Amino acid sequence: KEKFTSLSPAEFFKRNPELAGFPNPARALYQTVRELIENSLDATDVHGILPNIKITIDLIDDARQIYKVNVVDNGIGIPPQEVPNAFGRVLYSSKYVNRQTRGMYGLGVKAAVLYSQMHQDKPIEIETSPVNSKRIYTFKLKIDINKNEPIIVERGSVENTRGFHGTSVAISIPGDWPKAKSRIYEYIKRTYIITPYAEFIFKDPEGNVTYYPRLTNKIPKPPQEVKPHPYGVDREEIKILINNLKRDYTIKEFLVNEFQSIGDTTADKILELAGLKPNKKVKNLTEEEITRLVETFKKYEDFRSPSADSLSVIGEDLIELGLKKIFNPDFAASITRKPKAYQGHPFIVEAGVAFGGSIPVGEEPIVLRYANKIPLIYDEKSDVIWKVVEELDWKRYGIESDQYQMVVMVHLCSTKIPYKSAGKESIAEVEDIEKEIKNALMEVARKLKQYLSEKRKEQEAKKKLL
């Protein structure tokens, strides 16, 4: 009959690699490159280190189309005791905390590792030296899919004669370079443009080398772990916060200590609206009381905004500088909005617009999407960003014709980006986010409208002379 079984997280993604962005050899190569670059960047600028990143892709077997991808960085490294699980245990991560990072699932690199053993037989190769480490630790690893645990094939150590800090990861996978080429280059090119404090070197499978020089030695303030904002915190999150407590807080104490934007005044008001007794021990909250808290958090209209300390923005100057460098337009403008909250997570939307000049002519805007400083490249038409741009009436902001030369850019940064898939190429339809993307686009479009009404006014004056 029907037979019931369970799977481990490794077997789940091994069975369904298209869920992590490994559906074909071209996209696999792209995904492997991007997960590694993202890890190296989280290991550097999140810790105040100006990134030096080296990427190499070598064709190691033309017949079988197997490529070896190697990414070397000057990050903080990884404690040797954590290396096995970091790369060989699905759903293991140092990024499950409330803080803006590129990684978030504790899936990324293991997905590439899984794809690697599914199609070839060489283990993945890791070399790492933590900050102030006397040694360089080496590993060769595979994943035991059934147990979802690391298999240490080889493990070793060498004397770190040069202070060296950082990580090298090398993984062999099926690939399709000709099909993946243009998007891999566009990925690196787009991250560089918004990361001018980093330096990249890229050697491709044909042996081309490209150099992306550091343009500034000023590093953005690192994002930090924060407490949740109360707006949108759910029932399960409340139970987690309660379970994590090491003191016998009252409900009032709980509210003031465990969240952002709650002082003694807001707290009293929340307790009253939620029908809760200030002095009750929070550990004794009932299932129904938890519900009332959550709904109260949800409908409360007077919360202060979260702070921006958990976030790292591109910023208006850089957005504008980048759009000008790439597109050489007649006009550019941008906006970094104030922080909002969704589902307890702080978030900011940034928007830019560029018009005219070297921008090609078309029937629709070129749309550049970024999430947590990652350039999104695939699945553009399923993105909530695309949904919002398409629904906006550009005619109301001066866009005359069917055909025009416009570029629209949107950056969402958050302690949590809600992607449509673990492949992280498109952003899901979360209403609070959709609304604030719309609001941001309206603010920049208003600036465009300003540029265009001046142009029309100039034209209208010159018309009289004809």
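Between two forms, the rigid core is defined as the largest C-alpha subset superposing within 1.5 Å. Don't overthink the numbering: it's just position in the shown sequence, from 1.
Chemist: What stretch shows more C-alpha movement in 6 other deposited structures of this protein relative to this form, 146 to 154 or 77 to 85, after the core is superposed?
Modeler: The stretch that sits farther from the shown form in 6 other deposited structures of this protein is 146 to 154.
Chemist: Which stretch is less alike in 6 other deposited structures of this protein, 282 to 290 or 311 to 319, counting RMS CA distance after the rigid core is superposed?
Modeler: Once the core is superposed, the stretch further away in 6 other deposited structures of this protein is 282 to 290.
Chemist: Given the B-factors recorded for C-alpha atoms, which segment has the greater mean, 192 to 200 or 382 to 390?
Modeler: The stretch with the larger average C-alpha B-factor is 382 to 390.
Chemist: Please compare 63 to 71 with 29 to 37 and name the stretch with the higher mean C-alpha B-factor in the deposited structure.
Modeler: Averaged over C-alpha atoms, the B-factors run higher in 63 to 71.
Chemist: Which has the highest CA B-factor per the PDB entry: 159, 82, 144, 186?
Modeler: If I rank 159, 82, 144, 186 by C-alpha B-factor, first place goes to 159.
Chemist: Using the entry's values, work out which of 312, 216, 182, 358 has the largest Cα B factor.
Modeler: Answer, based on the entry's C-alpha B-factors: 358.
Chemist: When the deposited Cα B-factors of this chain's modelled residues are ordered and cut into thirds, is residue 346 in the lowest, the middle or the highest one?
Modeler: Bottom third by C-alpha B-factor.
Chemist: Within this chain, which third does the Cα B-factor at residue 429 fall in: lowest, middle or highest?
Modeler: Within its chain, residue 429 is a middle-third residue by C-alpha B-factor, going by the deposited values.
Chemist: Where does the C-alpha B-factor of residue 231 rank in its chain, lowest, middle or highest third?
Modeler: Middle third - that is where residue 231 ends up once the chain's C-alpha B-factors are sorted.
Chemist: Of the three thirds of its chain by CA temperature factor, lowest, middle or highest, which one includes residue 329?
Modeler: Highest third - that is where residue 329 ends up once the chain's C-alpha B-factors are sorted.
Chemist: Can you tell me whether residue 140 has a C-alpha B-factor in the lowest, middle or highest third compared with the other modelled residues of the same chain?
Modeler: Residue 140: CA B-factor falls in the middle third of its chain.
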